[PDB]
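> You'll find work.cif just under this line, and it carries mmCIF, C-alpha atoms.
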```cif
data_data
loop_
_atom_site.group_PDB
_atom_site.id
_atom_site.type_symbol
_atom_site.label_atom_id
_atom_site.label_comp_id
_atom_site.auth_asym_id
_atom_site.auth_seq_id
_atom_site.Cartn_x
_atom_site.Cartn_y
_atom_site.Cartn_z
ATOM 1 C CA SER A 1 37.966 57.556 -97.867
ATOM 2 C CA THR A 2 35.889 56.520 -94.820
ATOM 3 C CA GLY A 3 35.358 53.527 -92.501
ATOM 4 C CA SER A 4 32.345 52.348 -90.510
ATOM 5 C CA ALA A 5 32.494 49.500 -88.005
ATOM 6 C CA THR A 6 30.013 48.223 -85.446
ATOM 7 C CA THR A 7 31.171 48.059 -81.811
ATOM 8 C CA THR A 8 29.535 45.514 -79.464
ATOM 9 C CA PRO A 9 29.540 45.189 -75.648
ATOM 10 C CA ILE A 10 31.640 42.212 -74.495
ATOM 11 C CA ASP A 11 29.013 41.293 -71.835
ATOM 12 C CA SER A 12 25.572 42.160 -70.363
ATOM 13 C CA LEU A 13 27.047 45.085 -68.375
ATOM 14 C CA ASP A 14 28.983 46.941 -71.127
ATOM 15 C CA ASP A 15 32.295 46.286 -69.246
ATOM 16 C CA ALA A 16 34.048 47.002 -72.579
ATOM 17 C CA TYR A 17 33.197 47.142 -76.329
ATOM 18 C CA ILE A 18 34.825 45.100 -79.113
ATOM 19 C CA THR A 19 35.157 46.126 -82.771
ATOM 20 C CA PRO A 20 36.335 43.648 -85.464
ATOM 21 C CA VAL A 21 39.570 44.664 -87.175
ATOM 22 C CA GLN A 22 41.189 42.969 -90.217
ATOM 23 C CA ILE A 23 44.987 42.538 -89.902
ATOM 24 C CA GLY A 24 47.193 41.116 -92.652
ATOM 25 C CA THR A 25 46.666 39.277 -95.927
ATOM 26 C CA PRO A 26 44.738 37.072 -96.147
ATOM 27 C CA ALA A 27 42.776 39.030 -93.522
ATOM 28 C CA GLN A 28 42.844 37.865 -89.931
ATOM 29 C CA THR A 29 39.943 39.335 -87.942
ATOM 30 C CA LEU A 30 40.475 40.226 -84.321
ATOM 31 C CA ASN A 31 38.048 41.872 -81.886
ATOM 32 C CA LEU A 32 39.823 44.886 -80.450
ATOM 33 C CA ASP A 33 38.894 47.235 -77.649
ATOM 34 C CA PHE A 34 38.941 50.734 -79.254
ATOM 35 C CA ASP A 35 40.610 52.938 -76.650
ATOM 36 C CA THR A 36 40.704 56.746 -76.851
ATOM 37 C CA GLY A 37 42.740 56.651 -73.556
ATOM 38 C CA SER A 38 45.786 54.844 -75.091
ATOM 39 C CA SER A 39 47.828 54.853 -78.329
ATOM 40 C CA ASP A 40 49.071 51.339 -78.976
ATOM 41 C CA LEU A 41 47.439 48.830 -81.340
ATOM 42 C CA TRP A 42 48.424 45.588 -79.676
ATOM 43 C CA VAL A 43 47.174 42.072 -80.291
ATOM 44 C CA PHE A 44 47.328 38.575 -78.805
ATOM 45 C CA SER A 45 49.607 36.697 -81.223
ATOM 46 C CA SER A 46 51.489 33.496 -82.164
ATOM 47 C CA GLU A 47 54.297 35.046 -79.918
ATOM 48 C CA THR A 48 52.097 35.291 -76.785
ATOM 49 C CA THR A 49 53.058 32.843 -73.991
ATOM 50 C CA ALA A 50 50.649 29.851 -74.428
ATOM 51 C CA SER A 51 49.715 29.875 -70.691
ATOM 52 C CA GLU A 52 48.544 33.505 -71.011
ATOM 53 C CA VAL A 53 46.142 32.786 -73.955
ATOM 54 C CA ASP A 54 42.613 31.511 -73.115
ATOM 55 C CA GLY A 55 40.192 31.551 -76.058
ATOM 56 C CA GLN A 56 41.409 34.748 -77.739
ATOM 57 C CA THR A 57 41.932 34.835 -81.474
ATOM 58 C CA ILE A 58 45.617 35.427 -82.226
ATOM 59 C CA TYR A 59 47.404 37.313 -84.988
ATOM 60 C CA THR A 60 49.881 35.038 -86.835
ATOM 61 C CA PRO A 61 52.257 37.319 -88.751
ATOM 62 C CA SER A 62 54.012 34.358 -90.417
ATOM 63 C CA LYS A 63 50.745 33.666 -92.325
ATOM 64 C CA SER A 64 50.504 37.295 -93.572
ATOM 65 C CA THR A 65 52.148 38.170 -96.897
ATOM 66 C CA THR A 66 52.233 41.891 -95.965
ATOM 67 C CA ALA A 67 53.608 41.545 -92.394
ATOM 68 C CA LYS A 68 57.102 42.915 -91.833
ATOM 69 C CA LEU A 69 58.910 42.770 -88.501
ATOM 70 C CA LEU A 70 59.847 46.271 -87.271
ATOM 71 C CA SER A 71 63.308 45.029 -86.237
ATOM 72 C CA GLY A 72 64.838 46.446 -83.051
ATOM 73 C CA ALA A 73 61.530 47.850 -81.743
ATOM 74 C CA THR A 74 59.673 46.662 -78.654
ATOM 75 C CA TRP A 75 56.675 47.942 -76.646
ATOM 76 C CA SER A 76 55.630 47.799 -72.984
ATOM 77 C CA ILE A 77 52.446 49.381 -71.613
ATOM 78 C CA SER A 78 50.734 49.814 -68.242
ATOM 79 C CA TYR A 79 47.097 50.815 -67.960
ATOM 80 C CA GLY A 80 45.272 52.695 -65.147
ATOM 81 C CA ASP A 81 43.723 49.435 -63.841
ATOM 82 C CA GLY A 82 47.102 47.777 -63.092
ATOM 83 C CA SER A 83 46.998 45.649 -66.273
ATOM 84 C CA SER A 84 49.920 45.435 -68.710
ATOM 85 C CA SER A 85 51.365 43.802 -71.844
ATOM 86 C CA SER A 86 54.570 43.849 -73.931
ATOM 87 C CA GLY A 87 56.252 42.277 -76.985
ATOM 88 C CA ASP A 88 57.656 43.098 -80.400
ATOM 89 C CA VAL A 89 56.322 45.119 -83.339
ATOM 90 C CA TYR A 90 55.321 44.304 -86.883
ATOM 91 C CA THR A 91 53.897 46.506 -89.617
ATOM 92 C CA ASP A 92 50.963 45.111 -91.560
ATOM 93 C CA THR A 93 47.849 46.203 -93.455
ATOM 94 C CA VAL A 94 45.026 47.020 -91.034
ATOM 95 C CA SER A 95 41.404 47.648 -92.041
ATOM 96 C CA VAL A 96 38.610 49.014 -89.896
ATOM 97 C CA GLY A 97 35.126 48.865 -91.450
ATOM 98 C CA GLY A 98 36.425 49.214 -95.007
ATOM 99 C CA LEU A 99 39.149 51.771 -94.181
ATOM 100 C CA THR A 100 42.649 50.472 -94.851
ATOM 101 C CA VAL A 101 46.041 51.672 -93.640
ATOM 102 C CA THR A 102 49.155 49.954 -95.029
ATOM 103 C CA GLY A 103 52.271 49.836 -92.785
ATOM 104 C CA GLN A 104 50.336 50.201 -89.527
ATOM 105 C CA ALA A 105 52.410 49.177 -86.487
ATOM 106 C CA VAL A 106 50.810 46.052 -85.006
ATOM 107 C CA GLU A 107 52.255 45.380 -81.557
ATOM 108 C CA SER A 108 52.536 41.641 -81.066
ATOM 109 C CA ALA A 109 52.129 40.570 -77.457
ATOM 110 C CA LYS A 110 54.718 38.219 -76.001
ATOM 111 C CA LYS A 111 53.343 38.719 -72.424
ATOM 112 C CA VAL A 112 49.951 39.887 -71.106
ATOM 113 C CA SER A 113 48.777 40.333 -67.484
ATOM 114 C CA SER A 114 46.002 38.156 -65.911
ATOM 115 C CA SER A 115 43.207 40.723 -66.714
ATOM 116 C CA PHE A 116 43.844 40.351 -70.441
ATOM 117 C CA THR A 117 44.130 36.534 -70.298
ATOM 118 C CA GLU A 118 40.830 36.217 -68.338
ATOM 119 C CA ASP A 119 39.020 38.389 -70.927
ATOM 120 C CA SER A 120 38.441 35.782 -73.706
ATOM 121 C CA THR A 121 36.410 38.272 -75.795
ATOM 122 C CA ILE A 122 39.162 40.902 -76.180
ATOM 123 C CA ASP A 123 41.927 40.049 -78.677
ATOM 124 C CA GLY A 124 43.803 43.314 -78.108
ATOM 125 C CA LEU A 125 43.472 47.082 -78.106
ATOM 126 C CA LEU A 126 43.367 49.722 -80.807
ATOM 127 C CA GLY A 127 44.509 52.989 -79.279
ATOM 128 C CA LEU A 128 42.967 56.249 -80.427
ATOM 129 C CA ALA A 129 44.575 58.809 -78.031
ATOM 130 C CA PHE A 130 47.438 61.026 -79.462
ATOM 131 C CA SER A 131 50.475 59.213 -80.903
ATOM 132 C CA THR A 132 52.689 60.902 -78.258
ATOM 133 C CA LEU A 133 51.473 58.230 -75.790
ATOM 134 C CA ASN A 134 52.568 55.287 -78.018
ATOM 135 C CA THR A 135 54.985 53.005 -76.145
ATOM 136 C CA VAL A 136 56.991 51.589 -79.114
ATOM 137 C CA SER A 137 60.722 52.073 -78.396
ATOM 138 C CA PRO A 138 62.987 53.496 -79.650
ATOM 139 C CA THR A 139 60.826 54.333 -82.697
ATOM 140 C CA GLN A 140 57.494 55.707 -81.440
ATOM 141 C CA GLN A 141 54.671 54.645 -83.744
ATOM 142 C CA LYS A 142 51.501 56.349 -84.920
ATOM 143 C CA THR A 143 47.956 55.271 -84.127
ATOM 144 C CA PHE A 144 45.609 53.861 -86.814
ATOM 145 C CA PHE A 145 43.712 57.203 -86.787
ATOM 146 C CA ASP A 146 46.910 59.280 -87.163
ATOM 147 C CA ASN A 147 48.062 57.067 -90.083
ATOM 148 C CA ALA A 148 44.574 57.125 -91.756
ATOM 149 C CA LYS A 149 44.051 60.912 -91.173
ATOM 150 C CA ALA A 150 45.373 62.213 -94.526
ATOM 151 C CA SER A 151 43.283 59.715 -96.556
ATOM 152 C CA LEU A 152 40.024 60.405 -94.677
ATOM 153 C CA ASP A 153 37.384 62.751 -96.192
ATOM 154 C CA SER A 154 37.640 64.737 -92.911
ATOM 155 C CA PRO A 155 40.263 64.087 -90.161
ATOM 156 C CA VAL A 156 37.688 62.847 -87.588
ATOM 157 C CA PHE A 157 36.366 59.690 -85.990
ATOM 158 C CA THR A 158 33.119 59.335 -84.076
ATOM 159 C CA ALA A 159 32.082 57.123 -81.167
ATOM 160 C CA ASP A 160 28.428 56.099 -80.915
ATOM 161 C CA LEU A 161 28.407 53.559 -78.069
ATOM 162 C CA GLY A 162 25.264 51.652 -77.223
ATOM 163 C CA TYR A 163 23.697 50.940 -73.829
ATOM 164 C CA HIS A 164 23.439 47.134 -73.580
ATOM 165 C CA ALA A 165 23.406 47.206 -77.425
ATOM 166 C CA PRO A 166 25.800 47.555 -80.390
ATOM 167 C CA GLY A 167 27.050 50.933 -81.552
ATOM 168 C CA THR A 168 29.367 52.393 -84.204
ATOM 169 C CA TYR A 169 32.850 53.835 -84.769
ATOM 170 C CA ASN A 170 32.963 55.898 -87.960
ATOM 171 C CA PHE A 171 36.152 57.329 -89.514
ATOM 172 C CA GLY A 172 36.221 60.294 -91.909
ATOM 173 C CA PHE A 173 32.568 61.351 -91.763
ATOM 174 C CA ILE A 174 29.723 62.430 -89.488
ATOM 175 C CA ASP A 175 26.477 60.417 -89.741
ATOM 176 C CA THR A 176 23.797 63.134 -89.297
ATOM 177 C CA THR A 177 21.145 60.442 -88.507
ATOM 178 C CA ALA A 178 23.010 59.071 -85.451
ATOM 179 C CA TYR A 179 22.191 62.011 -83.107
ATOM 180 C CA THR A 180 19.478 64.529 -82.130
ATOM 181 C CA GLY A 181 20.031 68.316 -81.982
ATOM 182 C CA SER A 182 23.496 69.548 -82.944
ATOM 183 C CA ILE A 183 27.119 68.653 -82.123
ATOM 184 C CA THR A 184 28.680 71.150 -79.727
ATOM 185 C CA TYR A 185 32.480 71.404 -79.887
ATOM 186 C CA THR A 186 34.895 72.118 -77.080
ATOM 187 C CA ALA A 187 38.638 72.724 -76.883
ATOM 188 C CA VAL A 188 41.130 69.881 -76.391
ATOM 189 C CA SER A 189 44.506 69.995 -74.630
ATOM 190 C CA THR A 190 46.943 67.447 -76.139
ATOM 191 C CA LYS A 191 49.599 68.164 -73.399
ATOM 192 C CA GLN A 192 49.101 64.814 -71.607
ATOM 193 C CA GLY A 193 48.417 62.798 -74.845
ATOM 194 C CA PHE A 194 44.655 62.452 -74.148
ATOM 195 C CA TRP A 195 41.431 63.898 -75.586
ATOM 196 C CA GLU A 196 41.399 66.229 -72.571
ATOM 197 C CA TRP A 197 38.731 68.886 -72.281
ATOM 198 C CA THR A 198 36.769 70.955 -69.720
ATOM 199 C CA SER A 199 33.141 70.240 -68.938
ATOM 200 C CA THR A 200 31.181 73.373 -67.969
ATOM 201 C CA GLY A 201 29.265 71.745 -65.092
ATOM 202 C CA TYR A 202 26.651 69.250 -64.018
ATOM 203 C CA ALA A 203 23.145 68.548 -62.758
ATOM 204 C CA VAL A 204 21.817 65.626 -60.665
ATOM 205 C CA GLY A 205 18.386 64.451 -61.891
ATOM 206 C CA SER A 206 16.042 67.434 -62.255
ATOM 207 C CA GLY A 207 18.166 69.697 -59.997
ATOM 208 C CA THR A 208 19.561 73.080 -61.070
ATOM 209 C CA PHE A 209 22.665 72.995 -63.236
ATOM 210 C CA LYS A 210 25.840 73.923 -61.393
ATOM 211 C CA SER A 211 28.318 75.883 -63.559
ATOM 212 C CA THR A 212 31.770 74.629 -62.586
ATOM 213 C CA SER A 213 34.835 73.669 -64.650
ATOM 214 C CA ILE A 214 35.707 69.968 -64.670
ATOM 215 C CA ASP A 215 38.785 68.936 -66.649
ATOM 216 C CA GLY A 216 38.632 65.357 -67.897
ATOM 217 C CA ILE A 217 39.431 62.935 -70.715
ATOM 218 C CA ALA A 218 36.992 61.304 -73.173
ATOM 219 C CA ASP A 219 37.960 57.656 -72.736
ATOM 220 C CA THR A 220 36.220 54.822 -74.589
ATOM 221 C CA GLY A 221 38.666 52.372 -72.911
ATOM 222 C CA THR A 222 37.373 53.154 -69.390
ATOM 223 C CA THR A 223 34.062 51.536 -68.387
ATOM 224 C CA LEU A 224 32.737 54.116 -65.901
ATOM 225 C CA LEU A 225 32.419 57.880 -65.297
ATOM 226 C CA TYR A 226 35.030 59.122 -62.790
ATOM 227 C CA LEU A 227 34.468 62.635 -61.466
ATOM 228 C CA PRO A 228 35.612 64.735 -58.416
ATOM 229 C CA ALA A 229 34.459 63.481 -55.003
ATOM 230 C CA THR A 230 32.328 66.633 -54.493
ATOM 231 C CA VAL A 231 30.280 65.862 -57.645
ATOM 232 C CA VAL A 232 30.054 62.127 -56.961
ATOM 233 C CA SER A 233 28.926 62.591 -53.354
ATOM 234 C CA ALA A 234 26.239 65.098 -54.494
ATOM 235 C CA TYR A 235 24.959 62.450 -56.962
ATOM 236 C CA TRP A 236 24.942 59.423 -54.572
ATOM 237 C CA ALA A 237 23.427 61.485 -51.729
ATOM 238 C CA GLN A 238 20.220 61.392 -53.877
ATOM 239 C CA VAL A 239 20.106 57.572 -53.662
ATOM 240 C CA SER A 240 18.888 55.946 -50.416
ATOM 241 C CA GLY A 241 21.388 53.343 -49.204
ATOM 242 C CA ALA A 242 24.211 54.472 -51.507
ATOM 243 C CA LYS A 243 27.648 54.305 -49.949
ATOM 244 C CA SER A 244 31.309 53.759 -50.744
ATOM 245 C CA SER A 245 32.515 50.153 -50.161
ATOM 246 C CA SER A 246 36.201 49.285 -49.595
ATOM 247 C CA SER A 247 35.673 45.574 -50.416
ATOM 248 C CA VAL A 248 33.877 46.303 -53.712
ATOM 249 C CA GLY A 249 36.070 49.325 -54.640
ATOM 250 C CA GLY A 250 33.596 52.211 -54.823
ATOM 251 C CA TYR A 251 29.991 53.383 -54.519
ATOM 252 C CA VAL A 252 27.369 50.655 -54.240
ATOM 253 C CA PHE A 253 23.602 51.128 -53.895
ATOM 254 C CA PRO A 254 20.573 48.825 -53.341
ATOM 255 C CA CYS A 255 19.657 47.255 -56.701
ATOM 256 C CA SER A 256 16.041 48.232 -55.806
ATOM 257 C CA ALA A 257 16.749 51.907 -56.582
ATOM 258 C CA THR A 258 15.685 53.789 -59.685
ATOM 259 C CA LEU A 259 18.545 56.248 -60.239
ATOM 260 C CA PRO A 260 18.346 59.928 -61.131
ATOM 261 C CA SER A 261 19.970 61.034 -64.417
ATOM 262 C CA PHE A 262 23.264 62.995 -64.470
ATOM 263 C CA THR A 263 23.764 65.949 -66.792
ATOM 264 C CA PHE A 264 27.166 67.282 -67.849
ATOM 265 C CA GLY A 265 27.951 70.523 -69.637
ATOM 266 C CA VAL A 266 29.668 70.856 -73.016
ATOM 267 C CA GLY A 267 30.006 74.618 -73.545
ATOM 268 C CA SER A 268 26.457 76.005 -73.279
ATOM 269 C CA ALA A 269 25.056 72.576 -74.360
ATOM 270 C CA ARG A 270 23.993 69.671 -72.073
ATOM 271 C CA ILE A 271 24.408 65.894 -72.298
ATOM 272 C CA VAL A 272 21.944 63.869 -70.132
ATOM 273 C CA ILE A 273 23.038 60.417 -68.934
ATOM 274 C CA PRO A 274 19.874 58.439 -68.089
ATOM 275 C CA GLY A 275 19.723 56.859 -64.583
ATOM 276 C CA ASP A 276 19.634 53.345 -66.107
ATOM 277 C CA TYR A 277 23.153 53.897 -67.587
ATOM 278 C CA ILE A 278 24.433 54.809 -64.081
ATOM 279 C CA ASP A 279 22.823 51.636 -62.645
ATOM 280 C CA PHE A 280 25.905 49.738 -63.799
ATOM 281 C CA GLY A 281 24.892 46.277 -62.597
ATOM 282 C CA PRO A 282 24.678 43.950 -59.581
ATOM 283 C CA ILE A 283 27.964 43.179 -57.733
ATOM 284 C CA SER A 284 26.999 39.523 -58.544
ATOM 285 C CA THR A 285 23.969 37.851 -60.177
ATOM 286 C CA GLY A 286 21.301 37.972 -57.419
ATOM 287 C CA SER A 287 23.133 40.502 -55.202
ATOM 288 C CA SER A 288 21.447 43.016 -52.897
ATOM 289 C CA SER A 289 23.863 45.770 -54.008
ATOM 290 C CA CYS A 290 24.558 47.212 -57.462
ATOM 291 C CA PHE A 291 27.766 49.020 -58.530
ATOM 292 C CA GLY A 292 27.570 52.711 -59.364
ATOM 293 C CA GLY A 293 28.353 53.874 -62.887
ATOM 294 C CA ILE A 294 29.585 57.228 -61.460
ATOM 295 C CA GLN A 295 32.631 56.906 -59.232
ATOM 296 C CA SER A 296 35.185 59.195 -57.636
ATOM 297 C CA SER A 297 38.338 60.034 -59.571
ATOM 298 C CA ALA A 298 40.186 60.859 -56.214
ATOM 299 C CA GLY A 299 42.573 57.893 -56.426
ATOM 300 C CA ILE A 300 43.376 58.390 -60.206
ATOM 301 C CA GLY A 301 44.759 61.905 -60.838
ATOM 302 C CA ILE A 302 42.354 62.733 -63.688
ATOM 303 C CA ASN A 303 38.607 62.802 -64.289
ATOM 304 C CA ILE A 304 37.473 60.244 -66.847
ATOM 305 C CA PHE A 305 34.445 60.526 -69.081
ATOM 306 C CA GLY A 306 34.273 56.778 -69.650
ATOM 307 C CA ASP A 307 31.691 54.576 -71.383
ATOM 308 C CA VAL A 308 28.889 55.378 -68.902
ATOM 309 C CA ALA A 309 29.119 59.003 -70.056
ATOM 310 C CA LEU A 310 30.094 58.497 -73.727
ATOM 311 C CA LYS A 311 27.275 55.980 -74.427
ATOM 312 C CA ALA A 312 24.746 58.767 -73.708
ATOM 313 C CA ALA A 313 26.185 60.880 -76.600
ATOM 314 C CA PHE A 314 27.421 60.889 -80.235
ATOM 315 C CA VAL A 315 31.075 61.910 -79.759
ATOM 316 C CA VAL A 316 33.292 63.439 -82.449
ATOM 317 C CA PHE A 317 37.045 63.207 -81.994
ATOM 318 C CA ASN A 318 38.305 65.907 -84.372
ATOM 319 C CA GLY A 319 41.972 65.144 -85.128
ATOM 320 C CA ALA A 320 42.697 68.284 -87.238
ATOM 321 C CA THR A 321 45.976 70.278 -86.423
ATOM 322 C CA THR A 322 44.162 71.924 -83.465
ATOM 323 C CA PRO A 323 42.065 69.041 -82.103
ATOM 324 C CA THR A 324 38.560 69.483 -80.694
ATOM 325 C CA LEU A 325 35.841 67.165 -79.196
ATOM 326 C CA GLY A 326 32.186 67.340 -80.133
ATOM 327 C CA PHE A 327 29.207 66.011 -78.193
ATOM 328 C CA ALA A 328 25.652 65.571 -79.406
ATOM 329 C CA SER A 329 22.619 64.088 -77.612
ATOM 330 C CA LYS A 330 21.035 60.911 -79.060
#
```
For this file, produce the structure as structure tokens.


Amino acid sequence: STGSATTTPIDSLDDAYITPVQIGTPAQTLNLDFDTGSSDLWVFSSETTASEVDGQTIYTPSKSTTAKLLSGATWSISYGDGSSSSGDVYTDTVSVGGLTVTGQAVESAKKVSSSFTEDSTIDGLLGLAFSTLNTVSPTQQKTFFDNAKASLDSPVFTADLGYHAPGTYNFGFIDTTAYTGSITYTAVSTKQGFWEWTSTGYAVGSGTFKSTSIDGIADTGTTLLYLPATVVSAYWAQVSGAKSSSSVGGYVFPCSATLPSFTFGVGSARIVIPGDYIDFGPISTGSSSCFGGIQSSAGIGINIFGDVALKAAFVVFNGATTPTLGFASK
């Protein structure tokens, strides 16, 4: 079997992408943020504190004939941005673009932090990192991909994110028309629970490629590209007026600038991020300064190939026994 679902930016800046997911019977459609940097499928629900819900569509397990409470299990998660959520766990039938998994753990939020409440377009998250990062306790649960894996034609899912435009998440197959050239694969370490790999280097604009190993994670749930300070400083040094701002939280540059591209290595292959993708957006409508799409990972502990990087490629998350990541230009 396979699944194919369109993913859409939540706003004009591509702050996040939402993909419709059907939960329960009759189906209840929620717009979830597909996150390869986490492993919990959690939703805003009829259990979420009323004061913490603002326009989101909620999952109502009492109206689902296939919902079962996973009694004695709870979840609690913290994300890299300081946001968090917790509640209890149900199992229910979950479908993504025609692909159905019965008995998928659906983590019902009782409490969500302000960031989630203020984001009216995101009804929850659908984690796609390794199931070892799932927070359900005591019984750790599997991700939708892990549960679907055996029924898929091939144990893979692909991310084809758009720049200021819709894209696609496919499960079980590779769409050969979605990319140019070929898909180059690279090794994955599952030790930290992420799709962790090593980039072979980088280039700034039309400069010479620098061969250097950069460990990082492929994270659809992170908006920007976070790389070592050395790399990030070499990129922003090419932009007049670019500087790090403590009030804004990173590199800003005059919105007047046309940015150079940024190339990253995948084995002996290259993925080029156009300068427009790195021109993330103005710090406000009408602002002098624009926020950089490439930022330093110095405060985080890990380099993150977030949406700014992934939207420039067709990405294959190969979930076979020895996982690998594939990147193709598009």

> As a check of understanding, name the residues that the PyMOL selection byres ((chain A and resi 49) around 9) selects in the supplied structure, as a VMD selection string.

chain A and resid 45 to 48 50 to 53 109 to 112

> Just give me the gap between atom CA of residue 34 of chain A and atom CA of residue 219 of chain A in Å, one decimal is fine.

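According to the coordinates, atom CA of residue 34 of chain A and atom CA of residue 219 of chain A are separated by 9.6 Å.
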
> Which polymer residues have any atom within 8 Å of an atom of segment 209-217 of chain A, counting only C-alpha atoms, with same-chain residues fewer than 3 positions away left out, as a VMD selection string?

chain A and resid 37 194 to 204 263 302 to 305

> Neighbours of residue 158 of chain A within 9 Å (all atoms listed in the file; same-chain residues fewer than 3 positions away dropped), as a list in words?

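Counting all atoms listed in the file, the residues come to residues 168, 169, 170, 171, 172, 173, 174, 175, 314, 315, 316, 317, 318 and 326 of chain A.
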
> Mind telling me what the PyMOL selection byres ((chain A and resi 226-234) around 7) catches here, as a PyMOL selection string?

chain A and resi 224-225+235-237+294-298+303-305

> Starting from the displayed file, determine the output of the PyMOL selection byres ((chain A and resi 321) around 12) and express the residue list as a ChimeraX atom specification.

/A:130,146,149-150,154-156,188-190,318-320,322-324

> Taking only C-alpha atoms into account, name the residue in A:153, A:40, A:14, A:33 that is nearest to residue 123 of chain A.

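Nearest to residue 123 of chain A: A:33.
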
> Can you work out which one of A:285, A:139, A:268, A:19 has the shortest atom-to-atom distance to residue 95 of chain A, counting only C-alpha atoms?

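Closest residue, counting only C-alpha atoms: A:19.
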
> Show which residues sit within 10 Å of residue 116 of chain A, as a count of residues only. Count only C-alpha atoms, and ignore same-chain residues fewer than 3 positions away.

17

> Using Å and a single decimal, report how far atom CA of residue 31 of chain A sits from atom CA of residue 290 of chain A.

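It comes out at 28.4 Å.
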
> Report, in Å with one decimal, the straight-line distance from atom CA of residue 75 of chain A to atom CA of residue 42 of chain A.

9.1 Å

> Using all atoms listed in the file, pick whichever of A:309, A:183, A:16, A:23 has the shortest atom-to-atom distance to residue 100 of chain A.

A:23
